[PDB]
Structure formats: C-alpha cells, structure tokens
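Data block below; observations after.
All of this is worked out from the model, or read from it or from the source named; no laboratory instrument gave them. Every residue, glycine as well, gets a Cβ built from its backbone with ideal geometry; the counts of neighbours run over all protein chains shown.
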Amino acid sequence: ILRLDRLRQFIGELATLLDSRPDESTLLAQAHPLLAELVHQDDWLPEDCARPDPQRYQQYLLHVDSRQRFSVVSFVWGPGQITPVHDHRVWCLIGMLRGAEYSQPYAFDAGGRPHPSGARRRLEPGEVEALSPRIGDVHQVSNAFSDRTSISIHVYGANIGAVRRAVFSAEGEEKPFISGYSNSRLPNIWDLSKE
Ligand SMILES: [Fe+2]
C-alpha cells in the first residue's frame, strides 16, 4: 500500500537536478518543491522508519546517493523531545511530514556564545525549510507537541551520519559529534514486484 514510488521519484528527480551541477542556491530553490511534493502527503514512510524512542529522537536513514551527494533521513521526534543547538556543515532541506516542529536559528557573537538570530519558526506538514553554512547553519529544533510523535524528512548534502559536526551549549562550549543512524538496516524501497 505504501507509495514507495513517490520516494523513488523524489530520489531520482533530486539526483537529476544535482547532475546539472547547480550552485547551492539554485539547488536549494529547485529542490524545495521536490521535497514539498513528497511530504505533502503522508502515505509512503515505512512503519519501521516512523518509530519514536522514549529517551531520544531517532534518525532513520532512508537512502544515500551513490556518490554521497545527498542522504535522505526520517527524523522522528517523540513527544516533547528537543535537540541541542548544533550545525550541519553541508546544505540541508527539512520537510515536515507529520506533527510539527519549532526551529530557532542561532548566530554567535565574537565571544563564541550563541544567540537567536531570527524568529522561532513553526514548521507545519507540507512545509520545507533550508539551511547551509552559507546562509546560516546553526539552530535548535524541538517537537512542537508535548503529546505526539512528529516526523520531518531531512535531505543533506552528504552522508550526514558520517559528517563531523558540533553541538553548542548556551555558554558557547563546542562539542564535536557524529549523529550516526538509528537503523542498522535500510528499507528496501526498490522491490517493485512487491507493489
Ligand atoms: Fe538540524
């Protein structure tokens, strides 16, 4: 029943865009509606990749491009869960699938301590936001709800789980981390005979 074809189509179309070698601004502008389309209807995500954990948010790898030009990840917030302030170091598109999340961008002062740098955004199902080192890479995100699971679909300009990046305390202390992945197996989204 899952519309896995819609995920195959997104992956193919995004790779097709990347093949034309756009600069990052053009990439983000034209990938924005590709991802909006995908998360416009919540009828394709495997149950395995929608499952919340009680102690921490989960990150299910859905697909990695052969040349690692992007990864697609299902980010699953259990009720009331929140990330620390952190960066990405690559381009980043976030598409809200179900529930909702708050996104607060941060910038640093000369002393290295992080402060909000824009309004807190509420991301609704179907909506897409973009981040990158060029336009602002740092933010804190949280489940908008205290009592339901929220899920956003993330597309990043690398194998994000293998990227060395950092979280930041309010005091400005920088701590390296590698996010890794919650699933040791990926969904097989390619066996068309099963549809
Ligand atoms: Fe993030």
Is there any pair with a first residue in region 27-48 that is closer than 22 Å to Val76 by Cβ and a second that is small (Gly, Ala, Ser) and not in a helix (DSSP H, G or I) whose Cβ atoms are under 7 Å apart and which are 6 or more apart or on different chains, and what are they? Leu35/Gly95; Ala36/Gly95; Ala36/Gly126; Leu38/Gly95; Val39/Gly95; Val39/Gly126; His40/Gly126; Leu45/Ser74
Give the residue that is farthest from the ligand (Cβ to nearest atom), with candidates limited to residues of region 76-91 that are part of a strand (DSSP E or B) and surrounded by 22 or more Cβ atoms within 10 Å (Cβ to Cβ). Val76
Based on what the data block shows, is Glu171 outside the structural domain of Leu4 (by CATH) and either surrounded by 18 or more Cβ atoms within 10 Å (Cβ to Cβ) or in a strand (DSSP E or B) (or both)? no
Checked pairs for region 80-91, first in contact (Cβ under 8 Å) with a residue 40 or more places away in the chain and more than 18 Å from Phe168 (Cβ to Cβ), second of a type in the set (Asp, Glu) and assigned to a loop (DSSP other than H, G, I, E, B), C-beta under 9 Å and 6 or more apart or across chains, list as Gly80/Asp147; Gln81/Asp53
Provide a single number: the residues in region 165-191 that are touching a residue at least 60 places away in the same chain (Cβ under 8 Å) and either on the phi < 0 side of the Ramachandran plot or within 16 Å of the ligand (Cβ to nearest atom) (or both). 17
Being part of a loop (DSSP other than H, G, I, E, B), touching a residue at least 60 places away in the same chain (Cβ under 8 Å), of a type outside the set (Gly, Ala, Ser) and closer than 23 Å to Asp43 by Cβ is the filter here, so list the residues in region 110-136 that pass it. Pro125, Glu127
